[PDB]
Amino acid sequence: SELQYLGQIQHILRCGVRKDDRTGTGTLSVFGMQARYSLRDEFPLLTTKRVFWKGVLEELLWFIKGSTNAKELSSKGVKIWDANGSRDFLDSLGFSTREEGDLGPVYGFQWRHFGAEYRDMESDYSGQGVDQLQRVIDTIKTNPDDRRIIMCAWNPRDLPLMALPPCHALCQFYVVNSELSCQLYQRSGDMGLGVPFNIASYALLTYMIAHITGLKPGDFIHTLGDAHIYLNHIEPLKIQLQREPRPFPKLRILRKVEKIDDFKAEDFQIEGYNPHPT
């Protein structure tokens, strides 16, 4: 099913009109896309180009902890969020009083404390806001047929405080025949970098929730708003586009976990990941 991805990369490079991004760099853009990734006895960690798995793993565990401090992620060798929490950036946004690394009410905070009043990354928010993550887990356990199993990171109120608007605005879970599926609504997707990572990321979330709810991972539906390839990647991705997709690896969860919060980086083992070099 990695072909669907490549396909999406193909479709954008042959019907994708040009559209400049927030910065100034242009991109080839298509609006509204979807790809289905089976999670059955296999993990969708793209093989046509290596995905920064550690980053994926550590970032999610970071979202789950409810952390909004980029330093707590950087400490794990995953610096993908450091620039957005650096003294300069925070200042350029008007957050002069913010301790360095304080990203604001972002992903982690929304998932676990949606609606709560943000103070700073050091603050305790226990028992504050809606714990969407635990709610989806509990809903799955109690009413799997439920069609409102949603976790939304998009918080219009908190938007102005974020050291970045979330790309993963919303995700929905679905259960049938003891299979747990998840669909992500990605408002903006950098096909060349973020997307493969995001796919892996939510595939992981699903594996985790599945494992905790005693379900089997179903599918990960990936939906894109602005699916785009930055102009400077148009050829490199065309290079990748000709690479032969290899069998997806397998994600082994080593220990049984009672709660999403208990998962630790060492409980996860990617097996048989044979991605193309460079």
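Whichever C-alpha set is largest while still superposing within 1.5 Å between the two forms counts as the rigid core. Residue numbers here begin at 1 and follow the sequence given.
In 5 other deposited structures of this protein, rigid core aligned: more displaced of 232-240 and 42-50 by C-alpha RMS | After the core superposition, the stretch with higher RMS deviation in 5 other deposited structures of this protein is 232-240.
Is 201-209 or 180-188 the stretch whose C-alphas end up farther from this model in 5 other deposited structures of this protein after a rigid core fit?
-> Once the core is superposed, the stretch further away in 5 other deposited structures of this protein is 180-188.
Go through the other compared entries with residues on either side of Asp120 and state whether a third or more give it no coordinates.
-> It is not, since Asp120 is included in all of the other entries that model both flanking stretches.
Among the other entries that model both neighbours of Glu99, does it go unmodelled in a third or more?
-> Other entries vs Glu99: at least a third skip it.
Pick between 31-39 and 226-234: the one whose mean CA B-factor in the entry is higher.
-> The deposited B-factors put 226-234 ahead on the C-alpha mean.
Which has the higher mean CA temperature factor in the PDB entry, 255-263 or 10-18?
-> Stretch with the higher mean C-alpha B-factor: 10-18.
Most elevated Cα B-factor in the entry, residues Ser188, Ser92, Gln172, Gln132 | Most elevated C-alpha B-factor of the set, per the entry: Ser92.
Select one of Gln110, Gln183, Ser96, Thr139: the residue whose C-alpha shows the highest B-factor in the crystal structure entry.
-> Top of the list by C-alpha B-factor: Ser96.
Using the B-factor values recorded in the entry, state whether the Cα atom of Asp219 falls in the lowest, middle or highest third among the modelled residues of its chain.
-> Middle third of the chain for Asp219's C-alpha B-factor.
Third of the chain's Cα B-factor distribution that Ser86 belongs to, per the entry | Answer is highest: the recorded C-alpha B-factor places it there.
Taking the entry's C-alpha B-factors for this chain, is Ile149 in the lowest, middle or highest third?
-> For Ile149, the deposited C-alpha B-factor lands in the lowest third.
Using the B-factors in the PDB entry, rank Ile239's C-alpha atom against the chain and give the third, lowest, middle or highest.
-> Within its chain, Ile239 is a highest-third residue by C-alpha B-factor, going by the deposited values.
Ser178 - which third its CA temperature factor falls in, relative to the rest of the chain | Middle third, going by the recorded CA B-factors of the chain.
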